[PDB]
Every structure is written in structure tokens, then in C-alpha cells.
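To start, the structure itself, in C-alpha cells.
Keep in mind that the numbers below use all heavy atoms, side chains included, and drop hydrogens, waters and symmetry copies. Naming convention: chains lettered A, B, ... in sequence-line order (proteins, then strands); numbering from 1 in each chain.
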Amino acid sequence: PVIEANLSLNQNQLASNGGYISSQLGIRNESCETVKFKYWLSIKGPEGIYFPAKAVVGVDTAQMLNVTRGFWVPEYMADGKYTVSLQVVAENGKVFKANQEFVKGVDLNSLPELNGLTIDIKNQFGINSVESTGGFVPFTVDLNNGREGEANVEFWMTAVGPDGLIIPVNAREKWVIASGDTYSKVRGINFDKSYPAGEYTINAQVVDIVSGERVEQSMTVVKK
Amino acid sequence: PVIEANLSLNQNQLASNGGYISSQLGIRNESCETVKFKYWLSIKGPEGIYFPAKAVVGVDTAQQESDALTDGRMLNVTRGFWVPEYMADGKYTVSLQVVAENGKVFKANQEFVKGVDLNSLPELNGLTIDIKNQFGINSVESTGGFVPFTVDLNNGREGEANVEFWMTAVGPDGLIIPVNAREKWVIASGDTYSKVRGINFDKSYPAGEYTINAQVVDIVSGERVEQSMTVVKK
Ligand code: NA
């Protein structure tokens, strides 16, 4: 209501050598009162990458904003899925975020994979938040071995949340999956009443034991 | 008071091929009434690894069950986990975490390392990364505070290093706040690059835990090392 943030990327797909993404940042204040805020632009990626694109700027809307900022994604950074985040904090403490994705070295609109073993992990019903009094979110997990041979995989899930919490969601499992078979399950987490308010990254990890390659899938759930 | 948690590891140093870590978990109810809680053991690692201590032979089906301690009593429990070779070398943090029924969070942490020495600075093949909370300031008031951090990159290699460096603060409500913009530096052999950089936590920023995350890249080798430090806004 007091702030609306908009984010647009000119490109959503880079090759493995990386490249350049230009972003259009739009911030409007439709409310009746004038408004003070700080904003910035950051990126999150595979293998724990976080990096800034645009530094913290204070803005008094008395003294709609439109800016374009770009950044280089270099080749050394890991191939996979990245999230760009325009973040605004209003003086009153309200947080507004506009997010967009790009990929590096993999196809957008293709499942993440480990050389032919695809990882389809989803928030089953698109449930992005639960009440402070608690709620339960199931996730579907489908590991499809499209290889000619066996896949020897390990799989687990945690919920990385407020107050330094890392809540187990799926214990470590190992499966030898034959050519053409699919390991399939539904796994949910109950956000108990007692868990703290805030943002939880439901973080799934899948490893090929033989190649040693890991892919993560990360999904957000807010406890209100 | 309601809970005191503690954790000890049987070892803190693994080689690159990995190994097995056993741990003793201690949860004491120091308070005067009975306390109901949930607890678990989780590991945080390099390259974004997070994983639970628990491994199961088949399909994990359990849910996170509560336990209860009578006033003055304690739970002594014991847990073990394998660290595979494929997990990245570097520093790992094991965390005993307890959430009480009333919402209070208690934690006890210990570190182990894999394929690098204990008490040695993180490095990229001779280039040494020494980043610290300068004045040991672990929290700030909800009305705001500033925290400076020292950065020292000592190049012990025979040749020059091309590094890229940046810092963010990874916080509550999905915030990733720039602390130090991406810079590239050329550090001669035997040199140290030194700077000081602080973050202002504005009043408006959300309460909770902020991970000050410094990243350093060897632009030539393409290897990256992280350093992270926590600061809580009350
Ligand atoms: Na095996």
C-alpha cells in the first residue's frame, strides 16, 4: 500500500561464461502520506553466493522512482539459478521485495538435473505463507533417472529460518535408482505455533554420490 | 533460564576424504516449572550446504516431536553423522537447536573443519583472508547501531593475486543488504590489502539475526572463499 516495488530484467538466460544483465527498478508510493525509505539490489545464487549490485540509498519521497542498474555475472560463478531482489525498507519498518530470476549455463524452463537425473521439487499447492498459530506445507519430490545407467543419489531437506534456525524437513536418504525409474514422494513440514515468525527457505539438496555433484532447490515460506 | 543447551563433538578436524562425527547433546531445564520443547541437530557448511544430522535407511516419515523436562532435569542424548568426501573442504558449524513451547530459541554450536587446519585463516592457495568484527560488537539496539569490520588479505604467494571482494548482510525477511560493493584488487607478493568497512543498521531494519557475509574470489583460479559473522538486531 505505502510502497510498490517493481523489477524487470532485460535478459533471464546467460551462458556458462556469464555476462551482463540490466535491470529496471520501479518504486512507487501510492499512499496518501509522503514516505521515507532505503533501497538496494542484491543477488542470491547457487553454492551460497550472495552479492550486491546496487548499494543502500536513503530516499525521502517529499524532497514513483525509476532507475536502471546493471551488473556483470562472471564465468567463475556457478551455473544454475539466480534470484535478483529489489528490496525496500520503509521508515516504518515495512519490507517490500520485487524478485526476478535468471539462469547461468542451464536452460530456463528445464528441470534442474545431474547429468540426466532430473530434480523436480515443488511447493505442492503454492503455499507461500502460514499463520502464526501454525500451518503445514507439503512438497513433492520427483527424482527421474533418464540415464542409461543407475543413479546413486543422496537427498535431504532443511528449513533455514529466523534466529539461526535450520529445521530438518527430510533426513538424509540414499537411493540407487535404476535407469528409467523415478524416486517419488511427498514430504511436508508442520510449522508449529512455537516456531518464530519470519522467512523460511525450504532447502532441498540432491547429490550424485558417484560424480560428487550437488544441486539445490530453494523455496520460500513465510510464517506470519 | 528455561533451557540451557550444550554440544560437544568427538573431533573437530577431518581430512578431505571426510569422516564421522559423534556428538553429545545436553538440554537442561534450569527453571522452576516443567518445560515442553522441540530440538534437533543441524550442520551448516561451505558452498551453501545445510543438512540435518539425521540419516535414515529408507523414506523419512517422522515429524518433529516435542519432549518435556521436569523442573531441574536434563536430557543427555547422543548423535552421529557422516561427512562425505564430496562435501566441500572448509569450516562447518554444527548446531544443537531447541525451540521451547513459548517460542524461545536456544542454541549451542561447535565447529569442525574438513581438509584445512584448525585455527588457520581461510585461504586461497597462499592468499590469506582475515576478516573480523573489529570491536566484538555482537548486537545492536532496535533503535539502531553501526558495526565496523576489519578486512586484511595477506598474499603469501610468490606472485601477485587478482582478487574480487564484496560483503553483504543476509538478514531476516529475506533481506540481502549490501555492505561492501564488489571491488577487484591486485595484491603484490608479500603485500597485505587492508581496509575497514562497517554497516549501519537503521532503526527501520527488521529485528533478528544478520549474517555479515564476506566473499573473496581469486579471479584467475576462480576459487571463492566465504567468511561469515553474525550480528543480531534486538
Ligand atoms: Na552407495
Give, for atom CD1 of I3(A) and atom CG of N92(A), the distance between the pair rounded to the nearest 0.5 Å. 9.0 Å
Any side-chain to backbone donor/acceptor pair from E199(A) onto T220(A)? Under 3.5 Å, distance only. no
Can you see which heavy atom on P196(A) is nearest to which on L165(A), and at what distance? CD-CD1, 3.4 Å
Measure the CE-CD distance between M157(A) and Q205(A) for me, rounded to the nearest 0.5 Å. 10.0 Å
Could you tell me which residues satisfy ring-ring contact (aromatic ring centres under 6.0 Å, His included) with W166(B), sequence neighbours excluded, listed by chain and number? none
Contact between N66(A) and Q24(A) at the side-chain level, heavy atoms closer than 4.5 Å - yes or no? no
Write down the atom of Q87(A), the atom of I176(B), and the distance for their closest heavy-atom approach. OE1-N, 2.9 Å
Spell out, as yes or no, whether a donor-acceptor pair under 3.5 Å connects the side chain of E123(B) to the backbone of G126(B). yes
With no hydrogens and no angle check, do the side chains of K97(A) and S85(A) hold a donor and an acceptor under 3.5 Å apart? no
Any side-chain heavy atom of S42(A) sitting closer than 4.5 Å to one from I177(B)? no
Supply the atom-to-atom distance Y92(B) OH to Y50(B) OH, rounded to the nearest 0.5 angstrom. 12.5 Å
Who pairs with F155(A) by ring-ring contact (aromatic ring centres under 6.0 Å, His included), at least two apart in sequence or on another chain? none
Check: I43(B) and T93(B) side chains under 4.5 Å, non-hydrogen atoms: no
Less than 3.5 Å apart, any donor N or O on the side chain of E223(B) or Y76(A) sitting next to an acceptor on the other? no
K114(B) side chain to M87(B) main-chain N or O, any donor-acceptor pair under 3.5 Å? yes
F102(A) vs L108(A), test: side chain to side chain contact (heavy atoms under 4.5 Å, CB included). Steps then yes/no. CA-CA 8 Å; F102(A) 73 83; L108(A) 200 84; over 6 Å; no
How close do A151(A) and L117(A) get, counting heavy atoms only, and between which atoms? CB-CD1, 3.8 Å
Of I131(B), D130(B), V225(B), which is the lone residue that meets side-chain contact (heavy atoms from CB on, under 4.5 Å) with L121(B)? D130(B)
Can a donor-acceptor pair be found between the side chains of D89(B) and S16(B) at a distance below 3.5 Å? yes
Pair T201(A)-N203(A), side-chain donor/acceptor within less than 3.5 Å: no
Donor + acceptor pair across side chains of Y20(A), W72(A) (<3.5 Å): no
Compute the ring centroids of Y200(A) and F191(A), then answer whether they are less than 6.0 Å apart. yes
Could you go through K184(B) and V163(B), starting from their C-alpha distance and side-chain angles, then the distance that decides it, and tell me whether this counts as side chain to side chain contact (heavy atoms under 4.5 Å, CB included)? CA-CA 6 Å; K184(B) 307 195 181 94; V163(B) 300; over 6 Å; no
What's the verdict on side chain to side chain contact (heavy atoms under 4.5 Å, CB included) for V89(A) and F37(A), showing C-alpha distance, side-chain angles and the deciding distance? CA-CA 6 Å; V89(A) 185; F37(A) 61 92; over 6 Å; no
Is any side-chain heavy atom of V98(B) less than 4.5 Å from a side-chain heavy atom of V105(B)? no
Just so I know, are the side chains of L41(B) and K54(B) near enough to count as touching, which here means a heavy-atom distance under 4.5 Å? no
Answer yes or no: is there a side-chain heavy-atom contact under 4.5 Å between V103(A) and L14(A)? no
May I ask you to decide if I137(B)'s main-chain N or O and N133(B)'s side chain share a donor-acceptor pair within less than 3.5 Å? yes
The reported gap from CG in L124(B) to OG in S221(B) (rounded to nearest 0.5 angstrom) is 6.0 Å
For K223(A) and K193(A), indicate whether the former's side chain and the latter's backbone hold a donor-acceptor pair under 3.5 Å. yes
For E131(A), does its backbone N or O pair with a side-chain atom of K224(A) as donor and acceptor, under 3.5 Å? no
Around atom CD of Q63(B), are there more than 12 heavy atoms from other residues, nucleotides or ligands closer than 6.0 Å? yes
Search all heavy atoms of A207(B) against all heavy atoms of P172(B) and return the closest pair with its distance. O-CG, 3.5 Å
If we count only N and O atoms by modelled type, under 3.5 Å, do the side chains of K38(B) and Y195(A) hold a donor and an acceptor together? no
Show your reasoning for whether side-chain hydrogen bond (donor to acceptor under 3.5 Å, both in side chains) applies to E150(A) and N152(A). CA-CA 6 Å; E150(A) 276 182 346; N152(A) 197 342; over 6 Å; no
Below 4.5 Å, heavy atoms only, C-beta onward: do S23(A) and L7(A) meet side chain to side chain? yes
Taking all non-hydrogen atoms of both residues, which atom of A5(A) and which atom of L86(A) are closest, and how far apart? CB-CD2, 3.9 Å
Do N29(A) and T61(A) pair up side chain to side chain, a donor and an acceptor below 3.5 Å, judged on atom types alone? no
Taking the basic N atoms (NZ, or NE/NH1/NH2) and the acidic carboxylate oxygens, is any pair closer than 4.0 Å for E173(A) and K185(A)? yes
Solution key, residues 145-155 of chain B side-chain donor-acceptor pairs under 3.5 Å, sequence neighbours excluded:
{"residue": "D152(B)", "atom": "OD1", "partner": "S194(B)", "partner atom": "OG", "Å": "2.2"}
{"residue": "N154(B)", "atom": "OD1", "partner": "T192(B)", "partner atom": "OG1", "Å": "3.0"}
{"residue": "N155(B)", "atom": "OD1", "partner": "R157(B)", "partner atom": "N", "Å": "3.0"}
{"residue": "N155(B)", "atom": "ND2", "partner": "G159(B)", "partner atom": "O", "Å": "3.1"}
{"residue": "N155(B)", "atom": "ND2", "partner": "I187(B)", "partner atom": "O", "Å": "2.7"}
{"residue": "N155(B)", "atom": "ND2", "partner": "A188(B)", "partner atom": "O", "Å": "3.0"}

Closer than 4.0 angstrom, basic N to acidic O: yes or no for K44(A) and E101(A)? no
Is there a side-chain contact between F96(A) and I27(A) in this structure, where contact means two heavy atoms from C-beta onward sitting under 4.5 Å apart? no
Would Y39(A) and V67(A) satisfy side chain to side chain contact (heavy atoms under 4.5 Å, CB included), going step by step from the backbone distance to the final call? CA-CA 11 Å; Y39(A) 78 104; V67(A) 162; 4.2 Å; yes
Would you say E91(A)'s side chain and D60(A)'s backbone share a donor-acceptor pair under 3.5 angstrom? no
If you take all heavy atoms of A88(B) and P46(B), which pair is closest and at what distance? O-CG, 4.1 Å
Just by modelled atom types, is the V169(A) backbone N or O under 3.5 Å from a matching donor or acceptor in the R187(A) side chain? yes
